[PDB]
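The listed protein sequences correspond, in order, to chains B and A. Just so we're aligned: the first sequence equals residues 103 to 140 in the deposited numbering. Just so we're aligned: the second sequence equals residues 450 to 498 in the deposited numbering. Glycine is no exception: its CB is placed at the ideal position from the N, C-alpha and C atoms. One structure is given below, encoded as structure tokens.
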Amino acid sequence: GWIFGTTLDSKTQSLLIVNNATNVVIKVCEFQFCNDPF
Amino acid sequence: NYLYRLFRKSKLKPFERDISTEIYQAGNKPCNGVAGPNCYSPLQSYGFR
Numbered sequence: 103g104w105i106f107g108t109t110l111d112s113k114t115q116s117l118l119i120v121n122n123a124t125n126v127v128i129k130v131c132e133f134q135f136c137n138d139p140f
Numbered sequence: 450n451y452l453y454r455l456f457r458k459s460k461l462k463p464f465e466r467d468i469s470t471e472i473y474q475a476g477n478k479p480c481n482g483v484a485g486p487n488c489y490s491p492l493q494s495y496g497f498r
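In structure tokens form, the structure reads like this:
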């Protein structure tokens, strides 16, 4: 996956294209907790 | 209830949106979240009558 945004900080808008082994692979919402996941 | 934005440092590329609100500054001294001197609210009501 790849995390897109301008400044994060719940001020501008972000994008959260990810990928997994399930069927729901793309999940785009306004989030701020995704800083450095693994 | 209806609102518009009239203060922005830059322009808008077509088909884009901006829902954020802040306190605009057009001087050297920053507002730092204070809406006082040289600190404008960029979102202003239409005031329809």
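Next on the checklist: Between which two residues does the beta strand (DSSP E) holding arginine 454/A run?
Outcome noted: 452 to 454 is the extent of the beta strand (DSSP E) around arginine 454/A.
Checklist entry - For the segment 467 to 479 of chain A, which residues have a CB atom closer than 7 Å to at least one CB atom of chain B, in sequence order? => result Listed by position, the residues of the segment 467 to 479 of chain A near chain B (Cβ gap below 7 Å) are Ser469.
Checklist entry - Do the segment 112 to 120 of chain B and the segment 129 to 140 of chain B make contact, defined as three or more Cβ pairs closer than 8 Å? => result With the cut-off at 8 Å, the segment 112 to 120 of chain B and the segment 129 to 140 of chain B touch.
Item to check | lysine 129/B: contacting residues in chain A (beta-carbon distance under 8 Å) | outcome: Within 8 Å Cβ-Cβ: nothing; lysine 129/B doesn't reach chain A, min ~20 Å.
Checklist entry - Hey, is the segment 459 to 475 of chain A in contact with the segment 484 to 493 of chain A, meaning 3+ C-beta pairs nearer than 8 Å? => result Yes, the segment 459 to 475 of chain A touches the segment 484 to 493 of chain A.
Checklist entry - Which residue or residues does DSSP assign as beta-bridge partners of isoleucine 128/B? => result DSSP lists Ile119/B as partners of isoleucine 128/B.
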